[PDB]
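Here's the structure, in structure tokens; my notes come after.
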Amino acid sequence: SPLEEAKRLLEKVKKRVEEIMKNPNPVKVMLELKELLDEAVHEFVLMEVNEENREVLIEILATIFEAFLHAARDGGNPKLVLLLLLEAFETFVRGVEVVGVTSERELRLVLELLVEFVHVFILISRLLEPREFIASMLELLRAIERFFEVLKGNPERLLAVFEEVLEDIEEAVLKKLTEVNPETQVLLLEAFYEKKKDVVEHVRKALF
Amino acid sequence: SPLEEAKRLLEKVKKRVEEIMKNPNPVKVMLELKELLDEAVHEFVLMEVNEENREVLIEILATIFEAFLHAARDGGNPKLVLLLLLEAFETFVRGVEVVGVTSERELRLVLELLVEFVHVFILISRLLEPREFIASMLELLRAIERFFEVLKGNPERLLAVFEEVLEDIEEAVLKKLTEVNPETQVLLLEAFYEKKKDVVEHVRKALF
Amino acid sequence: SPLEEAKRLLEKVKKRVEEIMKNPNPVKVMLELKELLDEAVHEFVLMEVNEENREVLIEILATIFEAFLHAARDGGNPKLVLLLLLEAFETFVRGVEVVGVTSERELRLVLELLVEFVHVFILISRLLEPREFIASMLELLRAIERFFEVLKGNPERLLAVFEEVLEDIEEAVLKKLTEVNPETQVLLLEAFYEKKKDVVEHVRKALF
Amino acid sequence: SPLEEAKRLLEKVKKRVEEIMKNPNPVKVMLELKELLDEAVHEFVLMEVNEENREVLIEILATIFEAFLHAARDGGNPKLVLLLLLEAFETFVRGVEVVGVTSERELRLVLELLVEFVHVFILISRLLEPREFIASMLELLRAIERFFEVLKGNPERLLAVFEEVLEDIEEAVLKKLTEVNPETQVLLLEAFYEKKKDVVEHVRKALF
Amino acid sequence: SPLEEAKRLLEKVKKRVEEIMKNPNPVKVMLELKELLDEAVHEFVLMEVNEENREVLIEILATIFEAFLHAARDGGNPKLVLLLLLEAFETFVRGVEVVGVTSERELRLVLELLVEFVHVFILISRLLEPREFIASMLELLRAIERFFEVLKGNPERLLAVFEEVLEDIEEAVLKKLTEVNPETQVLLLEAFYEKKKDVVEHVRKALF
Amino acid sequence: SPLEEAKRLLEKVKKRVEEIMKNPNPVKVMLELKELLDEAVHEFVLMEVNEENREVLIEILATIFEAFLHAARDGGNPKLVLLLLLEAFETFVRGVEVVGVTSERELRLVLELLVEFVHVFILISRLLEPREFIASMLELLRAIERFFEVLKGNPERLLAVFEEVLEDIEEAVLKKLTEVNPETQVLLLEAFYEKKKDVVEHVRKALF
Amino acid sequence: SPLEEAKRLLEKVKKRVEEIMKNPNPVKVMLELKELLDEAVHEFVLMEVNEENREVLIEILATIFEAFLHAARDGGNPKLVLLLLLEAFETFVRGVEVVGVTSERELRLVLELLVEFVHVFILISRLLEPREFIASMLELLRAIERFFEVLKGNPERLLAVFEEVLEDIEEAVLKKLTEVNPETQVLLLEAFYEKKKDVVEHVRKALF
Ligand SMILES: [Zn+2]
Ligand SMILES: [Zn+2]
Ligand SMILES: [Zn+2]
Ligand SMILES: [Zn+2]
Ligand SMILES: [Zn+2]
Ligand SMILES: [Zn+2]
Ligand SMILES: [Zn+2]
Ligand SMILES: [Zn+2]
Ligand SMILES: [Zn+2]
Ligand SMILES: [Zn+2]
Ligand SMILES: [Zn+2]
Ligand SMILES: [Zn+2]
Ligand SMILES: [Zn+2]
Ligand SMILES: [Zn+2]
């Protein structure tokens, strides 16, 4: 039965996550969580996904990704942490694509996860230099564009969420760019705004 | 149900505000309240906003903003406090734009919040030097212009409130500018009056 | 046909400007307007400019530059705004050089734009400190000298306009320099007057 | 034994204070006294505080703080002295919070120390300019509010002491504000009275 | 016999520390002390640790760590010294975990060592730039969290010590962050307070 | 023939200078003029310098250096312009050393060039901050010392010129240093006067 | 014979110093003098140092170090010059340790050299920023501590010289630290005074 096997997988994943978080090393915890997410996706593609077990699969993905976001908040080297965050987000997007999102609860869960991911990413990247900060923000913009192209649902709510996270990123960039000379400010602002306009056009094309 | 979830959110926000206000550090309190306001806006864009729960959402926003205004009155470094006040006001305006204001009670709530915000801003900026004071007043004028462009309602009452807060700012500026030489007075008065004329034109275009 | 393509470009530019000015962020509006001005110059150098379509090209340049000047008056960080104003003015001067000014109406349009630019520059730079203010005035003097070297027309009217804008700058500098000690006044006045004498010599050589 | 260790600590602290006060540099003396106060608090949180050794710990704190207040009266740069006084007062309040006040002798000791601190602060800040004077008075009001929120005891005596020190500060502010124009007087008086009303409300809430 | 071997190890370690401290090069002294600490831990895991020799092992660890802290105060390159301090602290925490802390004297010894370590770390990091200073403070927060997770004892005294060292770090950060613009202050304060809240939650979970 | 080749070089250099000066970019003009001066020195060391063509070579150097000084007065970034000015002066000194100065006309020419260089340097560096201003003045003192060590001629006239340019620098420094606190004034004045005494002693040793 | 070889070495070193000092480049002169000092130390360790040739070796060291101090006063990049000054001082201390100081004349010579070194170091470091200035002062304190640990002689005169140079450094630091905010002043003063107390303790241990 699909539902029973999905529930067994959920219990196994919960036990594995609880075991993993006990480690004191944050980078090791992130690596094990990334491996667990990949195994969950591999299990997803090897099983039938009907309308009964979809909620359980979404809950498994949410559990692993929430643990990963907390472990990222725990700390480490910012560049490595940001790279691992991007890899985990790509795996999560692939998993959501495989499973699919139908009901409103799953949409709410994945959107809350996206908001938390953006917040954690900005919090980690606060401590870089302005040029590396702008490069990281460009990478985050690409990731958000990919996520919103994959996801399907009500266009209006998705557009509202997209605009809100974009405002968050814009506020962070504007606050950070006050540490440099006006010429560097103009250069970096032009780069950021060109990328933002492009991703807005792409997302508006995909949603509507 | 929208109404039940909105009431649950209101109770949670009230509990969080009571917990936060107990801290003795005003800057930490302000930062936590700013984070809470952002989280409230995130929750707002993730749920349906019909005519039943709109009052509850406006009440949540008013609660958080009142707590923030009191914490700003508590004290700290004036420049940091003023910048945090501007950021909180921008988040509040975004939340009001998302929720929308329909009835008279919500309009009354947001207008009293604006009046209190202007009073607190002037009170905090009283202690700067004249040039930084005029720069802060220019920032406040831009914020008020943004607020009155976003808001919708009866044009006459909105115009009356706008004129009253403008008179408040003008009186504060006139009283402060008596500490400098007449040439500096002429320069700063010219800057302030040019900005005031521009914002009056913009607001009158937007309202009517 | 050159005239039809010029009119189509005028309509497209008007539509783009109207779309851009709806944004609430003044710095983003300025960046988009600068990009549009550069695109207009690119279009100008790629097409034939005879005596028929010259007026339309001058009107396109005037439209974009008027929108930029208003957006600059809207507000922002003074140093960044002044830097963007200088970049826009250089792009405008290059466009005028490419197109050329023959009739009296085009000369009137460009001279009015120059007067508005000087007024906006002084208004924005009012809020700096005296040393940065004097540096900004030096930059403005170099920009005005370049503009009057590029332009061709009746020497007497051009000299009258140049003298009037110089008097405006001198009045602003004299009013601002009353906030410092007499020794700093002597230093900054010496720097300003040396630069003014040099630019007067250069402009008088170029015009006659 | 707690009592014997507390008495040994008192003897060591007395010897250290006598050794430190022999230095001719007042700022260095203040820095060493701050370090000694921090070390005393560290010792306090690392040992048991019963009803036997509480008096000895209170006398240790009083000894260090009295030495600091005399050194602050000795002289130096007023802004640096005021900042060091505020830091020392906050450390003293933390130490009192850790130890606690039960008997009447300890209450009398700490209240006398607060009165001397307010007197020294007003004496040092007499020589600033009126705007910086009002800023320092606001900082002093916040410090007094924190002290009276931390302390526990008889509400009536505490309220009497609070009202008396408030009257002292008000008299100092009124006497100082006669050196400026009436408009500056109105602005600074409004700021001071708003802050005083807020702190009175907070203290009356905390005491009763 | 365990006790005799422990005392022989103590004498050998004392002789080695005295021999090492005679070197004039601070970085070389720190490296030799780190090697000696690692050797002591290796010896600890190779012998039986009962309730008789535990005090001697704790005294050996305290001796080596006190020598290391003094050598770190001696001087050198701030980044290298801070990195070596973190490595030595991790080795010390592992040694304390291996040996264990049972009586009150050992707890007092290790807590005094922690206070000294925090003071030395702040003193060394005073000379960095604000961004590197905040990064160092985050690393220190992680180190303190790991220490208080490893240690076992009376929850109340441990919590008091933890709160006091947190207040020390907070005062240092607040004093340092006055050298930057308010936007940078907001960014860095948000990062610091997020990390502080996370470590407070983790420590409160571990202790209770 | 040496004289004919020198005259041909003079004509070529005049043509090149006229061609270069037409550029509107001052920094590019300065870079080309520096390259031209270097090429002139290369040509000087590659040809015979008798008493016939010495005047022509001195005139070539004076032509290029006058063009460079005017281009420096035109404007740009003060730090870049000052550094380019120092390099150009060092190249000019090397050229004068290679060619040599024998008659009175050449001495008058080079001394007038030195006076103009000092005036332009002070004019450009008027707009820096006091610490960078004093650093630039120290660099100028080293350059003047090197120039007066290389040059040969009548000791009395050279000493008079050296004293006059020193008085100009001293007046500029004294007038600038009124914008800082008396402690900073004492520090910067001590540095400047130590350097001035050293260069005076060196120049008096070299001349006599 | 030791004395004849020492005198021959003195003559050779005098000739080499006279040849080197003729160079116009200060950094090249300083590097050459550093190499010469190293070669002198190499020669010192390769020959017998009895009581007859000790004076000549001390005179050789004094000659090279005086030339180096003058070259450092000549000028250059402050950071590079300070680093070269520290390296030269360390080589000089090694040479003094190898040769040894017995009579009163040698002690007077080396102490005069130390006073001149401290004066030159403070003069060069006057022009840095306050944070880099304090870092340089910390490095100078370590250098002085090493010097006074190596030297042997009458404890009272050595202590008097040490106290006097410490007062010179303290006066310089106090004068410089008036250019920053009181919080930065407190941080930097705490760092400086901690280091000064540590070096005073070390020197008092070494001398007595
Ligand atoms: Zn965590
Ligand atoms: Zn957000
Ligand atoms: Zn309050
Ligand atoms: Zn009002
Ligand atoms: Zn406008
Ligand atoms: Zn005008
Ligand atoms: Zn006294
Ligand atoms: Zn009183
Ligand atoms: Zn030490
Ligand atoms: Zn402490
Ligand atoms: Zn020129
Ligand atoms: Zn002159
Ligand atoms: Zn010299
Ligand atoms: Zn001295």
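In the structure tokens, chains take the letters A, B, ... in the order shown, each chain's residues start at 1, and ligands count up from 1 in the order shown.
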
Contacts of chain D with ligand 10 up to 10 Å, shortest pair per row, only C-alpha atoms and all ligand atoms, as CSV:
residue,atom,partner,partner_atom_place_in_ligand_line,distance
D:34,CA,ligand 10,1 (Zn),9.7
D:35,CA,ligand 10,1 (Zn),7.7
D:36,CA,ligand 10,1 (Zn),9.6
D:37,CA,ligand 10,1 (Zn),8.9
D:38,CA,ligand 10,1 (Zn),5.2
D:39,CA,ligand 10,1 (Zn),6.5
D:40,CA,ligand 10,1 (Zn),9.3
D:41,CA,ligand 10,1 (Zn),7.9
D:42,CA,ligand 10,1 (Zn),6.7
D:91,CA,ligand 10,1 (Zn),9.4

### Task
Identify, counting only C-alpha atoms and all ligand atoms, the protein, DNA and RNA residues located within 6 Å of ligand 13, and give them as a count of residues only.
4

#### Entry: All residues having an atom within 8 Å of ligand 4 (only C-alpha atoms and all ligand atoms) as a PyMOL selection string
chain B and resi 115+118-119+164-165+167-168

Could you save the residues just selected, with N, CA and C atoms, as a PDB file, in the first residue's frame?
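For reference, selection33.pdb as written:
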ATOM      1  N   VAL B 115      -0.404  59.800  13.014  1.00  0.00           N
ATOM      2  CA  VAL B 115      -0.193  60.993  13.832  1.00  0.00           C
ATOM      3  C   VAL B 115       0.805  60.709  14.950  1.00  0.00           C
ATOM      4  N   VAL B 118       4.350  60.552  13.514  1.00  0.00           N
ATOM      5  CA  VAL B 118       4.935  61.864  13.242  1.00  0.00           C
ATOM      6  C   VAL B 118       5.369  62.534  14.540  1.00  0.00           C
ATOM      7  N   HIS B 119       4.536  62.442  15.581  1.00  0.00           N
ATOM      8  CA  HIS B 119       4.896  63.043  16.863  1.00  0.00           C
ATOM      9  C   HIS B 119       6.175  62.433  17.426  1.00  0.00           C
ATOM     10  N   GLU B 164      -2.793  68.740   8.534  1.00  0.00           N
ATOM     11  CA  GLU B 164      -2.475  68.895   9.950  1.00  0.00           C
ATOM     12  C   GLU B 164      -1.072  68.386  10.277  1.00  0.00           C
ATOM     13  N   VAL B 165      -0.698  67.210   9.762  1.00  0.00           N
ATOM     14  CA  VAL B 165       0.650  66.720  10.057  1.00  0.00           C
ATOM     15  C   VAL B 165       1.704  67.590   9.376  1.00  0.00           C
ATOM     16  N   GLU B 167       1.455  70.851   9.014  1.00  0.00           N
ATOM     17  CA  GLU B 167       1.599  72.004   9.898  1.00  0.00           C
ATOM     18  C   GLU B 167       2.444  71.661  11.117  1.00  0.00           C
ATOM     19  N   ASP B 168       2.278  70.452  11.654  1.00  0.00           N
ATOM     20  CA  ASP B 168       3.114  70.025  12.776  1.00  0.00           C
ATOM     21  C   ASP B 168       4.595  70.046  12.403  1.00  0.00           C
TER      22      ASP B 168
END

#### Entry: Residue among E:136, E:154, E:178, E:63 lying closest to chain A, counting only C-alpha atoms
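Nearest candidate to chain A out of E:136, E:154, E:178, E:63: E:136.
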
### Query
DSSP on the backbone: what in stretch 10-199 of chain B comes out helix (DSSP H, G or I), as a ChimeraX atom specification?
/B:10-21,26-45,54-74,78-99,104-125,130-150,155-179,182-199

### Task
Please determine the contact residues of chain C with respect to chain F at a cut-off of 9 Å, counting only C-alpha atoms, and supply them as an NGL selection string.
:C and (131-132 or 134-135 or 138-139 or 142 or 146 or 180-181 or 183-184 or 186-188 or 190-191 or 194-195 or 198-199)

What does the file look like for those residues with N, CA and C atoms, as a JSON list (two decimals), in the first residue's frame?
[["chain", "number", "residue", "atom", "x", "y", "z"],
["C", 131, "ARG", "N", 33.04, 71.40, 2.77],
["C", 131, "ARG", "CA", 34.12, 70.91, 1.91],
["C", 131, "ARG", "C", 33.57, 70.05, 0.77],
["C", 132, "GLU", "N", 32.68, 69.11, 1.10],
["C", 132, "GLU", "CA", 32.02, 68.34, 0.05],
["C", 132, "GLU", "C", 31.17, 69.22, -0.85],
["C", 134, "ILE", "N", 31.89, 72.32, -1.72],
["C", 134, "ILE", "CA", 32.79, 73.00, -2.65],
["C", 134, "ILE", "C", 33.30, 72.03, -3.70],
["C", 135, "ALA", "N", 33.58, 70.78, -3.31],
["C", 135, "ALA", "CA", 33.96, 69.77, -4.31],
["C", 135, "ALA", "C", 32.85, 69.56, -5.33],
["C", 138, "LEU", "N", 32.79, 72.40, -7.75],
["C", 138, "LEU", "CA", 33.85, 72.26, -8.74],
["C", 138, "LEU", "C", 33.44, 71.29, -9.85],
["C", 139, "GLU", "N", 32.84, 70.16, -9.48],
["C", 139, "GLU", "CA", 32.36, 69.22, -10.49],
["C", 139, "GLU", "C", 31.30, 69.85, -11.39],
["C", 142, "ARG", "N", 32.97, 72.11, -13.96],
["C", 142, "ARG", "CA", 33.53, 71.37, -15.08],
["C", 142, "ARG", "C", 32.45, 70.90, -16.04],
["C", 146, "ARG", "N", 32.12, 71.95, -20.04],
["C", 146, "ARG", "CA", 32.02, 70.99, -21.13],
["C", 146, "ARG", "C", 30.77, 71.23, -21.97],
["C", 180, "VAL", "N", 31.38, 78.40, 8.56],
["C", 180, "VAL", "CA", 32.71, 77.96, 8.92],
["C", 180, "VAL", "C", 33.53, 79.15, 9.41],
["C", 181, "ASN", "N", 34.73, 78.84, 9.90],
["C", 181, "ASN", "CA", 35.65, 79.86, 10.37],
["C", 181, "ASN", "C", 36.21, 80.66, 9.20],
["C", 183, "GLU", "N", 39.23, 81.31, 8.28],
["C", 183, "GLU", "CA", 40.34, 80.68, 7.57],
["C", 183, "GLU", "C", 39.85, 79.64, 6.57],
["C", 184, "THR", "N", 38.90, 78.80, 6.99],
["C", 184, "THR", "CA", 38.29, 77.85, 6.07],
["C", 184, "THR", "C", 37.56, 78.57, 4.95],
["C", 186, "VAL", "N", 38.42, 81.45, 3.65],
["C", 186, "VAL", "CA", 39.42, 81.94, 2.71],
["C", 186, "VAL", "C", 39.93, 80.81, 1.83],
["C", 187, "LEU", "N", 40.22, 79.66, 2.43],
["C", 187, "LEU", "CA", 40.69, 78.51, 1.65],
["C", 187, "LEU", "C", 39.68, 78.10, 0.59],
["C", 188, "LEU", "N", 38.43, 77.88, 1.00],
["C", 188, "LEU", "CA", 37.43, 77.37, 0.07],
["C", 188, "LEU", "C", 37.07, 78.40, -0.98],
["C", 190, "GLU", "N", 39.14, 80.71, -2.15],
["C", 190, "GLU", "CA", 40.25, 80.72, -3.10],
["C", 190, "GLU", "C", 40.12, 79.59, -4.11],
["C", 191, "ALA", "N", 39.82, 78.38, -3.63],
["C", 191, "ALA", "CA", 39.66, 77.25, -4.54],
["C", 191, "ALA", "C", 38.53, 77.51, -5.54],
["C", 194, "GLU", "N", 39.41, 80.38, -8.10],
["C", 194, "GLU", "CA", 40.38, 79.93, -9.09],
["C", 194, "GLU", "C", 39.71, 79.09, -10.16],
["C", 195, "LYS", "N", 38.88, 78.12, -9.74],
["C", 195, "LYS", "CA", 38.20, 77.28, -10.72],
["C", 195, "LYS", "C", 37.26, 78.10, -11.60],
["C", 198, "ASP", "N", 39.20, 79.99, -14.23],
["C", 198, "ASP", "CA", 39.67, 79.10, -15.29],
["C", 198, "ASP", "C", 38.54, 78.74, -16.25],
["C", 199, "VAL", "N", 37.36, 78.40, -15.72],
["C", 199, "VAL", "CA", 36.27, 78.01, -16.60],
["C", 199, "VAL", "C", 35.76, 79.20, -17.41]]

### Residues near residue A:157, cut-off 9 Å, only C-alpha atoms, skip fewer than 4 positions along chain, as JSON, numbers by chain
{"A": [153, 161, 162], "B": [45, 46, 47, 48]}

### Message
So that I can see what lies close to residue A:85, please list as an NGL selection string the residues with an atom at most 9 Å from it, counting only C-alpha atoms and leaving out residues fewer than 5 positions away in the same chain.
### Response
:A and (30 or 68-69 or 72 or 80 or 90 or 117 or 121)

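Residues with any atom within 7 Å of residue G:149, counting only C-alpha atoms and excluding same-chain neighbours fewer than 4 positions away, are residues 145, 203 and 206 of chain G.
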
Serialized selection, N, CA, C and O atoms, as a short mmCIF file (atom, residue, chain, number, x, y, z; two decimals), in the first residue's frame:
data_model
loop_
_atom_site.label_atom_id
_atom_site.label_comp_id
_atom_site.auth_asym_id
_atom_site.auth_seq_id
_atom_site.Cartn_x
_atom_site.Cartn_y
_atom_site.Cartn_z
N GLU G 145 59.77 46.15 25.65
CA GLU G 145 59.85 45.10 26.65
C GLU G 145 60.98 44.12 26.34
O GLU G 145 61.75 43.74 27.23
N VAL G 203 58.72 43.92 32.82
CA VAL G 203 60.00 44.62 32.94
C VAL G 203 60.43 44.70 34.39
O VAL G 203 61.61 44.54 34.71
N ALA G 206 61.88 41.43 35.28
CA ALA G 206 63.18 41.16 34.67
C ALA G 206 64.29 41.97 35.31
O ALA G 206 65.40 41.47 35.52
#

#### Entry: Neighbour list for residue D:29 as a list in words, cut-off 7 Å, only C-alpha atoms, skip fewer than 5 positions in-chain
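Those residues are residues 20, 21, 23 and 71 of chain D.
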
I need the chosen residues saved as an mmCIF file, in the first residue's frame, with N, CA, C and O atoms.
data_model
loop_
_atom_site.group_PDB
_atom_site.id
_atom_site.type_symbol
_atom_site.label_atom_id
_atom_site.label_comp_id
_atom_site.auth_asym_id
_atom_site.auth_seq_id
_atom_site.Cartn_x
_atom_site.Cartn_y
_atom_site.Cartn_z
ATOM 1 N N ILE D 20 45.143 51.215 43.789
ATOM 2 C CA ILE D 20 44.766 51.862 42.534
ATOM 3 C C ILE D 20 44.658 53.371 42.707
ATOM 4 O O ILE D 20 45.097 54.138 41.843
ATOM 5 N N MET D 21 44.076 53.825 43.819
ATOM 6 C CA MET D 21 43.793 55.249 43.970
ATOM 7 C C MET D 21 45.055 56.101 44.042
ATOM 8 O O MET D 21 44.964 57.328 43.924
ATOM 9 N N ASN D 23 47.323 56.286 41.836
ATOM 10 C CA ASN D 23 47.706 56.747 40.512
ATOM 11 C C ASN D 23 47.281 58.202 40.307
ATOM 12 O O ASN D 23 46.237 58.628 40.806
ATOM 13 N N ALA D 71 36.945 59.407 42.049
ATOM 14 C CA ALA D 71 37.834 59.552 40.900
ATOM 15 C C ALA D 71 37.156 60.318 39.771
ATOM 16 O O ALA D 71 37.806 61.091 39.059
#

### Task
Using atom CA of residue C:93 and atom CA of residue C:105 as the two end points, give the distance in Å to one decimal.
17.0 Å

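With distances taken over only C-alpha atoms, F:95 is the one residue among F:182, F:2, F:26, F:95 lying closest to residue F:59.
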